[PDB]
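*Asks:* what shape does this take:
(4 chains, ligands or ions: 12)
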There are 4 protein chains.
Amino acid sequence: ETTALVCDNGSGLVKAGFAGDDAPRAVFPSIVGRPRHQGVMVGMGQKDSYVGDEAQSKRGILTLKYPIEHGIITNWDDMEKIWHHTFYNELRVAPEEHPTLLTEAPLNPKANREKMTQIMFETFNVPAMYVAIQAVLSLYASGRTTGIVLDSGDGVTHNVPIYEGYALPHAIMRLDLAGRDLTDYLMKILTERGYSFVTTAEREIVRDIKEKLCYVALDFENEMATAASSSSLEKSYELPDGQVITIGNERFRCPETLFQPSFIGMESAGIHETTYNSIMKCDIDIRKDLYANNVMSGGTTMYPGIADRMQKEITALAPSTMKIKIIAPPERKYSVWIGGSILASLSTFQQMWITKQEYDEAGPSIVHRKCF
Amino acid sequence: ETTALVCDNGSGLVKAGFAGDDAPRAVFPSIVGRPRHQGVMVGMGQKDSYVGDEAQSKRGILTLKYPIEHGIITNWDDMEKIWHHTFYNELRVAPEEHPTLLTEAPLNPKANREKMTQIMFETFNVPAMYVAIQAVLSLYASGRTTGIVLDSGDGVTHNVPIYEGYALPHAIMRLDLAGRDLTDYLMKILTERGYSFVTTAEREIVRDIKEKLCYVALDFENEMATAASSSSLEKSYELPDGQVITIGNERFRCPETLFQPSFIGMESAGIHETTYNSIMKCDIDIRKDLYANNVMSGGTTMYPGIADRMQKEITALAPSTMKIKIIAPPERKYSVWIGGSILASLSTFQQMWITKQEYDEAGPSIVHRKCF
Amino acid sequence: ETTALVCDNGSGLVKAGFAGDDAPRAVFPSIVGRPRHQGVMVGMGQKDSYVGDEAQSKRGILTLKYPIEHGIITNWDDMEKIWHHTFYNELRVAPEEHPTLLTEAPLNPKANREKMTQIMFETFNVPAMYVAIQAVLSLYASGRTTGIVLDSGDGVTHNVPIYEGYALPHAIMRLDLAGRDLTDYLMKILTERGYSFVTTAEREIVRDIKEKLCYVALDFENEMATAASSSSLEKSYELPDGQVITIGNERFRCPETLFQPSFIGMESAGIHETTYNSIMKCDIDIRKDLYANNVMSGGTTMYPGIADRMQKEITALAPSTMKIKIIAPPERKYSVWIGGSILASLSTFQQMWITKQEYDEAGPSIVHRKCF
Amino acid sequence: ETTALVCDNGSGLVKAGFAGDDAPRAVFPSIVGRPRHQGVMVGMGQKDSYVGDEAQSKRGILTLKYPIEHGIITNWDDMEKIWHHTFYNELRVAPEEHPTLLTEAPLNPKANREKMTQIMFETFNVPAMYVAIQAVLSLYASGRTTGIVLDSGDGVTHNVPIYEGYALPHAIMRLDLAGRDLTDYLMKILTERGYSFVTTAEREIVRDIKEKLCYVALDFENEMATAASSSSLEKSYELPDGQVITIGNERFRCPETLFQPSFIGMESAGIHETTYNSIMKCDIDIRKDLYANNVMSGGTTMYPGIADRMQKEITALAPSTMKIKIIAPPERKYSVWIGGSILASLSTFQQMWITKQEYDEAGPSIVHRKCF
Ligand SMILES: Nc1ncnc2c1ncn2[C@@H]1O[C@H](COP(=O)(O)OP(=O)(O)O)[C@@H](O)[C@H]1O
Ligand SMILES: Nc1ncnc2c1ncn2[C@@H]1O[C@H](COP(=O)(O)OP(=O)(O)O)[C@@H](O)[C@H]1O
Ligand SMILES: Nc1ncnc2c1ncn2[C@@H]1O[C@H](COP(=O)(O)OP(=O)(O)O)[C@@H](O)[C@H]1O
Ligand SMILES: Nc1ncnc2c1ncn2[C@@H]1O[C@H](COP(=O)(O)OP(=O)(O)O)[C@@H](O)[C@H]1O
Ligand SMILES: *CC(=O)Nc1ccc2ccc3cccc4ccc1c2c34
Ligand SMILES: *CC(=O)Nc1ccc2ccc3cccc4ccc1c2c34
Ligand SMILES: *CC(=O)Nc1ccc2ccc3cccc4ccc1c2c34
Ligand SMILES: *CC(=O)Nc1ccc2ccc3cccc4ccc1c2c34
Ligand SMILES: [Mg+2]
Ligand SMILES: [Mg+2]
Ligand SMILES: [Mg+2]
Ligand SMILES: [Mg+2]
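*Replies:* Numbering: from 1, shown residues only, chains lettered A, B, ... in the order given. Ligands and ions are numbered 1, 2, ... in the order given. Right below this line is the structure:
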């Protein structure tokens, strides 16, 4: 025993590695694909189902299933296959000589924590494990002890206010609008230009359109007047069949849904009011140190111009006598993992593991009373 | 002129009727809903906004706003719509030939009473009006002149000690934890079983889960051991789509928040210590007659086992040489209206109305020197 | 006309009745209470002010005023209300067909006797009246014509020597230390145990602590050593809220102030030296008959052990060749009333009344040339 | 040995330092706060409980307790923590090489002095100590030997008359209305403007509103007519969350409760009649020197206009032939400490200490026969 495993099994992308590093080694999407066609040439390298990157590169013949829906592991058979591909097939590591540090989103079902610990204690047989919380590791990568997090991953966004290491769990605002729901809205409004993107392998292409051509408008109704003079707004993208598409106001009208969720028919508020309603629900004393520390994390905070849109809109809600400081690090896509690798590298942490001999005599219901 | 109107505009339910009756005629929720969708079939009975019961049955397409937050009327445009729906559209009564008796919670802002009187004196043009206090009408329905009230409505709970018709305003203990804050905590902990109830049309469903399946545990830490042997505790409820939910220890863990407000993260005491601190702040003579008369009122005192839990916990605080007598009538959900209907039916009361010719020469500031 | 009224309006208690009986009918405290709180339920048995026992059982919401301070009637509006409650509301008697026999303490202001007679001759319109002296009716209840009285009521204590029915007015020793000044000292030293008794309804409780648990130590500095071995001295009393209080050397240190008035900061001598200096201001031949007749009266002589303490301390002052005989009846709390009912029942007395036709032609200044 | 410690452990603020100085060094509130939230990041500077200023600055996550209620130490575990924070963590001094001079209010329980001496003689092990009286050091800072003090701290107010170094302890008038009871009334009447200040960390904000915007009205009913023309009376205050609040006639209605305690429902009189009743209970030959020397002390006498209101209201009680002279020094907030630092600097005082070898052979009951 020298080091520990840090697995940030997100809903859209698995980020794993070793503790003590700075960048994760195994970064691959959490996709399981079964082939949906006949396969006349039986043999010669054909498997029952593909996982990770090899299900991404063979995706014309596959139907691609994500096992994690909204931070919630729905298909426990495919999730066990992703962890099997994570340990053996990309870290080349034995599970039995490394403690693991899983994460999860807050406000998940309790059955999600119980089954992750049970799989790690007879399917892989880790020595000890620990299920952290994704948003408090985002501060702890940032070198802070106080701030509100906007951890906008692929399945869920969730605010967590921390003041000096103390979580305020009544002010956690979990929302169910993230990079899956922006992708599935971007497919819906690429139809009006003509492009029918229907399959589950075509949502892997619209996800790549979104990661290249989408930005956040600083003023939305002003940019909707710029598309009337449709000149410099349009850019192009070459599909995997060599076709080019043209995309106009759909570049910014897709990440506007983070700030006006009524485009996809949600009765909730944007991420500017969900952050502001997670500060008003805190105590009146700590609102200086929460307005001055807004930490973004996860991949959906990587649109160009989103740290300038939140600061333009929280300022319109917070009173004008104090500064709003959106803090977006450049590596904020991997920031949950980096804080996990820092956490498992501490010396004040090794009493906080959940060892197997402490597990089995106390049952898998132990993991809830060890977190929050 | 024969009779008077009695309107208990609560924060969660409007209860109105005529003076001298025994049960209110119009009992409808104080909800204003605007439609959040498009409405392609323009015409054929479509209005801009729905109030009351018709905003409850059509709530799938509406965003529902309660205009009374914590006993404080915030949206004066929509509170005017509920009174308009109260008089014309459910009592079928003209306002101009009936003096009305509004109520309110104690320790409200003074701007709340000034606007309720101003709206009644040019929007509806009532002859006279009177704004009572909700907790002293709860004794006066009970046929008492002495007692401490626990009027636990939908927005605010407040102790009001009355000794022999003399109010002790330095001992009124207003608290901000009631049936909204129990609903919003029950939505938070149904999530740990899996059920994401997010919209404002879904807090109308969790409010009905609370009114059917939640009880108060007599011993909370004993009932948490019963949920370990999870046998006779779980009951099922059928959603309006047809799904079933299996609520477990969330049945009693929701009304525990009345007795331990730190679950929703409040720095205030439970309703057993708020009652006992509202008696210690009284004079040492009258504590015989306040321990012997604990009157519950309002809707949030209707959980099965709350009159047995308050008596079990005030006894742990009060000295053991005297009896604690929680007095809970079966009609205590309507007990504020009944005492108001008795009060407007008295003969020693018709000089206490605030007539319009007395209003307009003195102004809207007259209403404060006519109460307490 | 058959019988006469006898009203011993003390400073702390009104004792009234008819002449010729042996016990007074109306024994109620001379308290007038106005309600200090608000009064939300206007009616149903609410009055501007309460007197006597109904101001005692409702005293949690009242500010209680004694209108007789140190034997001197200071509030003539409230004293008129105690007499009105005395005649109509507790004797059920008309004033106009009964001559009344008021009393008073000696050495009072002359304006006190004038106003008592002026009120009785137009407010109540009694036929005739007579203002006696309280201490000379204490011998006359005891069946003596020679003695020295220690009439220790609630406002004033005063020695009155009488030899053979001849009062010696130059040896009357009025002192201003009585049951109010012991109550207000007992409140001051119940604070050192922790108990804060502040209001004028809490002095109605400390007065009842004094009437149950206070005694007179035979040797004071010997009993202060018993409080060092704090074993059998302490007793417990139960408040009306149910809190038991512990009380040790405050039991006897409260009636020590009668014997050492420097505890409440008086430049006067105790009741043993006031009695002895009231005897050595008399003639040398009658001192054998005043030492052998020490009649006690008033309520503050009812502490257990005060006849044993006065006899132990006058003997330390009187010469050893002559005996001291403290005479304390069991009904000496009522002894001023009993002697007044004997006096009004005599046949050698009916020319001593002050009739109204003798009043009005001679003025209000007649009552002074009829007593002493 | 060169110098001595002077600790004025008040109810709302600890004022300590060394003898012989002119201003105290360690001024910090006597607050012990425990964290009430979860604490995810265990380590990195987290403690079980915070004291003093660090419990004030981190107060959003704390529940703040004052250990001294009404001059009475009600939590001996936390009071021991404030003395420990005083000696080591803000004076940086050893207890064992400095005699200390504690103070207390008059008329405290006897158990309060015994436990303060017991803690100083085994927990900190001082050489010698001395418990003074807070009001008699307020004269002795002022350079007087004759005067009456109105020492109005944070827990209690109390008058102490002194004529030429002789305390008149039967005229000491302790009251239980001070800067806590004015803060808790100011929270009650800030609610009628709309502001709910509920938590014990929000009473630390209302205490800072009181120290800025409150003044004593010279004529109360005249200023209540000024609030009808609500023009020059309102001022604004910026909360820690940057919300400005507007405050009108609550600026003077809060310190009016010092002069009319029936606003918070007390059966006591204001500080002008308590001072006047403390002078009339003294001897008639010294009332000229007490009317001419009214010394104020403690922080609650620092409202603008309180020396002009006492002089306006004692003059309406005292007879017109003798002058009233309210003497308020500008450093009267620290005046109890300054007179204590003078007292421990005298040469006629070193026989008045209570040394440990005098303590242990005589017991903890020695401290009471060494004062007054
Ligand atoms: N450069 C980018 N710009 C915009 N969105 C991105 C970018 N990169 C990734 N995303 C979105 O963020 C998601 C990945 O975020 P991540 O933090 O991995 O979420 P999770 O960890 O929950 O899987 C992807 O599904 C994608 O939709
Ligand atoms: N039978 C019940 N059991 C439990 N809770 C109830 C019941 N009836 C109503 N409630 C709760 O109490 C609230 C109604 O209280 P109510 O008396 O209407 O308050 P108000 O009239 O002051 O608004 C509802 O919001 C609901 O959450
Ligand atoms: N049994 C008792 N023991 C001790 N003190 C008593 C007792 N009864 C009455 N007192 C005190 O004496 C007072 C009553 O004396 P009382 O004869 O009524 O005087 P007066 O009639 O002149 O007012 C009461 O105020 C009470 O303090
Ligand atoms: N400048 C000020 N104006 C008005 N009130 C003040 C001011 N400063 C302090 N106070 C009040 O006085 C109290 C402090 O008085 P202090 O002398 O510290 O009392 P103690 O020392 O007995 O605790 C505080 O609680 C505060 O409410
Ligand atoms: C369940 C949980 O929230 N664990 C958790 C998350 C994050 C975090 C960051 C930094 C820490 C430092 C020291 C100790 C711990 C312990 C748990 C923990 C953390 C830390
Ligand atoms: C402002 C207010 O509290 N009014 C009020 C409340 C309740 C109540 C009950 C019974 C009453 C009987 C007679 C008169 C009044 C007057 C006001 C009033 C009441 C009553
Ligand atoms: C003023 C006065 O002291 N009158 C008084 C008191 C007591 C007393 C007792 C017995 C008496 C017998 C006969 C006559 C009188 C007259 C006055 C009188 C008394 C008597
Ligand atoms: C218990 C007590 O009141 N001690 C006390 C207070 C104040 C004071 C002032 C000045 C003094 C001068 C000389 C001696 C003493 C002794 C005690 C004392 C004082 C003084
Ligand atoms: Mg993630
Ligand atoms: Mg109600
Ligand atoms: Mg008497
Ligand atoms: Mg002080």
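
*Asks:* which helix or which strand is home to residue A:116?
*Replies:* Taking DSSP states H and E as the criterion, residue A:116 maps to helix A:110-122.

*Asks:* does chain D have contacts with the helix or strand following that helix?
*Replies:* As assigned by DSSP H and E, the chain's next helix or strand after helix A:110-122 is strand A:128-131. No. Applying CB under 8 Å from any CB of the partner chain, one finds strand A:128-131 out of contact with chain D, separated by at least 12.4 Å. C-beta here means a position set from N, CA and C on the backbone, and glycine is covered the same way.

*Asks:* ok, strand A:128-131: who's next to it in the sheet?
*Replies:* As defined by DSSP bridges, the strand partners of strand A:128-131 come to strand A:100-102 (parallel), strand A:354-355 (antiparallel).

*Asks:* for the ones you listed, state which one has the densest average packing.
*Replies:* Of all the strands paired with strand A:128-131, strand A:100-102 has the most neighbours on average by mean count of other CB atoms under 10 Å in any protein chain shown, namely a mean of 24.

*Asks:* that one near ligand 9 anywhere?
*Replies:* No. On the criterion CB under 5 Å from the ion, strand A:100-102 is out of touch with ligand 9, staying 11.9 Å away.

*Asks:* pretty sure residue A:273 is in a helix, no?
*Replies:* Yes. The assignment for residue A:273 is a helix, going by DSSP: H, G, I helix; E, B strand; the rest coil.

*Asks:* what is the neighbour count of the closest residue to it other than its chain neighbours?
*Replies:* Of all residues not flanking residue A:273 in the chain, residue A:317 sits nearest, at 7.0 Å (CB to CB, 6 or more residues apart in numbering or on different chains). By other CB atoms under 10 Å in any protein chain shown, the residues close to residue A:317 number 14.

*Asks:* and residue A:317, what does it touch?
*Replies:* A:272, A:273, A:276 (CB atoms under 8 Å, 6 or more residues apart in numbering or on different chains).

*Asks:* now do the nearest residue to residue A:356 once chain neighbours are set aside against ligand 7, distance only.
*Replies:* Among residues not flanking residue A:356 along the chain, residue A:121 sits closest, at 5.7 Å (CB to CB, 6+ apart). As for residue A:121, its distance to ligand 7 is 103 Å (criterion: CB to the nearest ligand atom, to the nearest Å).

*Asks:* one step back: let me have the strands paired with strand A:128-131 in JSON lines, extended by distance to residue A:6.
*Replies:* Output for these, formatted as JSON lines (distance: least, CB to CB, whole Å):
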{"stretch": "strand A:100-102", "distance to residue A:6": "5"}
{"stretch": "strand A:354-355", "distance to residue A:6": "15"}
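
*Asks:* out of those strands, the one nearest ligand 1 is which?
*Replies:* Evaluated over the strands paired with strand A:128-131, closeness to ligand 1 peaks at strand A:100-102, with 12.7 Å, by CB to the nearest ligand atom.

*Asks:* work out the gap between stretch A:204-219 and the centre of the chain.
*Replies:* Put simply, stretch A:204-219 sits 16 Å off its chain's centre (CA atoms, centre = their mean, to the nearest Å).

*Asks:* just the C-alpha atoms of that stretch, please, in CSV.
*Replies:* The C-alpha trace of stretch A:204-219 is given here as CSV (Å, rounded to 0.1, in the frame of the first residue of the first chain):
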residue,chain,number,x,y,z
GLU,A,204,-23.0,11.8,-29.3
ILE,A,205,-22.5,14.1,-32.3
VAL,A,206,-24.7,16.9,-31.0
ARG,A,207,-22.7,16.7,-27.7
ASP,A,208,-19.7,17.4,-29.8
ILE,A,209,-21.4,20.3,-31.6
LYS,A,210,-22.2,21.7,-28.2
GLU,A,211,-18.7,21.5,-26.9
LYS,A,212,-17.4,23.5,-29.9
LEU,A,213,-19.8,26.1,-31.2
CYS,A,214,-22.0,27.0,-28.2
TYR,A,215,-21.4,30.1,-26.0
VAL,A,216,-23.5,32.1,-23.5
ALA,A,217,-24.9,35.4,-24.6
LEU,A,218,-24.2,38.2,-22.2
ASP,A,219,-27.6,39.8,-23.3
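
*Asks:* got the contact list for it?
*Replies:* For stretch A:204-219, contacts defined as CB under 8 Å, 6+ apart pick out A:56, A:59, A:64, A:179, A:182-183, A:186-187, A:190, A:197, A:223, A:235, A:237, A:239-240, A:245, A:247, A:251-252, A:254-256, A:258-259, A:302-306, A:308-309, A:312.

*Asks:* going along the chain, name the helices of the stretch 101-250 of chain A.
*Replies:* For the stretch 101-250 of chain A, applying DSSP state H, counting those that start in this stretch gives helices covering A:110-122, A:134-142, A:179-189, A:203-213, A:220-226, A:250-253.

*Asks:* and the residue of chain A closest to ligand 2?
*Replies:* The nearest approach of chain A to ligand 2 comes at residue A:170, 18.8 Å away (CB to the nearest ligand atom).

*Asks:* what about that residue, distance to residue B:189?
*Replies:* According to CB to CB, to the nearest Å, residue A:170 and residue B:189 sit 11 Å apart.

*Asks:* buried members of the contacts of stretch A:204-219 into PyMOL, please.
*Replies:* A single PyMOL command is used to select the members of these judged buried by 16 or more other CB atoms under 10 Å in any protein chain shown:
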select buried, chain A and resi 56+59+64+179+182+183+186+187+190+197+223+245+247+251+252+254+255+256+258+259+302+303+306+309
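
*Asks:* could the helices of the stretch 101-250 of chain A go into a markdown table alongside distance to residue A:353?
*Replies:* A markdown table is the format used below for the helices of the stretch 101-250 of chain A (distance: least, CB to CB, whole Å):
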| stretch | distance to residue A:353 |
| --- | --- |
| helix A:110-122 | 12 |
| helix A:134-142 | 16 |
| helix A:179-189 | 32 |
| helix A:203-213 | 36 |
| helix A:220-226 | 47 |
| helix A:250-253 | 46 |
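
*Asks:* winner for burial among these?
*Replies:* Among the helices of the stretch 101-250 of chain A, judged by mean count of other CB under 10 Å, the one packed with the most neighbours on average is helix A:134-142 (a mean of 26).

*Asks:* which strands or helices does that helix pack on?
*Replies:* Helix A:134-142 sits against strand A:147-152, strand A:157-163, strand A:294-297, helix A:335-343, with contacts defined as 3 or more CB pairs under 8 Å, 6 or more residues apart in numbering or on different chains; DSSP states H and E.

*Asks:* so does that helix get close to ligand 1?
*Replies:* No. Helix A:134-142 is not in contact with ligand 1 by CB under 6 Å from any ligand atom; minimum separation 7.8 Å.

*Asks:* Three-state assignment for the residue in the stretch 201-350 of chain A positioned nearest to ligand 8, please.
*Replies:* Per CB to the nearest ligand atom, residue A:285 is where the stretch 201-350 of chain A lies closest to ligand 8, at 40.0 Å. With three-state DSSP as the basis, residue A:285 sits in coil.

*Asks:* leaving aside the residues next to it on the chain, what's closest to it?
*Replies:* residue D:60 (3.4 Å).

*Asks:* how far away is that neighbour from residue A:168?
*Replies:* Using CB to CB, we find residue D:60 at a distance of 9 Å from residue A:168.

*Asks:* out of the strands paired with strand A:128-131, nearest to residue A:370?
*Replies:* Nearest to residue A:370 among the strands paired with strand A:128-131 is strand A:354-355 (6.2 Å), distances taken as CB to CB.

*Asks:* which residues touch that closest one?
*Replies:* For strand A:354-355, contacts defined as CB under 8 Å, 6+ apart pick out A:117, A:127, A:128, A:129, A:130, A:366, A:367, A:370.

*Asks:* looking at those residues, which is nearest residue B:51?
*Replies:* Among those, residue A:367 lies closest to residue B:51 (CB to CB), at 47.5 Å.

*Asks:* kindly provide the distance from the residue nearest to the spatial centre of chain A to residue D:10.
*Replies:* The centroid of chain A falls nearest to residue A:153 when counting by CA atoms, centre = their mean (2.4 Å). Residue A:153 sits 53 Å away from residue D:10, going by CB to CB.
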